[PDB]
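Residue numbers (our numbering), protein chains in the order written: chain Z, 357 to 422; chain B, 357 to 422. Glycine included, each C-beta is placed from N, C-alpha and C at the ideal position. A short worksheet on the structure shown next.
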């Protein structure tokens with residue numbers, strides 16, 4: 357969609373996607389209907405996988421470490 | 357959340373997440389607020405990364421090949 361993030365992940369490491377409290381309801385739905393959420397494996401380097409996530413601004417992307 | 361899928365992905369290979377037409381609006385929002393979407397790198401084997409996706413039933417998970 358709009359926002360962009362690439363992060364390295366190893367085995368057992370993960371990401372959680374959620375909705376922002378501040379944005380309204382119906383507009384996130386429509387975004388997610390128009391622009392989907394795109395997940396991409398860009399490179400694999402050794403024990404590290406680099407994962408791209410492209411999602412609308414209303415979506416919060418959070419590494420599981422937190 | 358509820359649904360579960362693990363798929364192998366190599367460099368440049370990706371996945372698109374969207375909302376199902378058939379499910380209503382407000383209940384998917386709440387799911388995505390209660391159960392988020394969980395993305396996990398389970399194993400890295402060579403040129404292949406295995407990616408787990410855990411999401412509510414209202415979310416459609418689609419390999420980019422299609």
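Query                                                                                                          : Result
Bridge partners - residue 369 (chain B), DSSP secondary structure assignment                                   : Z:397
Cutoff 7 Å; reference residue 387 (chain B); Cβ partners in own chain excluding five residues on either side   : 357, 412 and 414
CB-CB length for residue 419 (chain Z) against residue 363 (chain Z), believed under 8 Å                       : 7 Å
Selection from Z:359, Z:391, Z:366 and Z:373 that minimises the alpha carbon distance to residue 401 (chain B) : Z:366
Neighbouring residues, chain D, relative to residue 381 (chain B) (Cβ below 9 Å)                               : Any reference to chain D falls outside this structure, whose protein chains are Z and B.
Segment limits, alpha helix (DSSP H) that includes residue 384 (chain Z)                                       : 382-390
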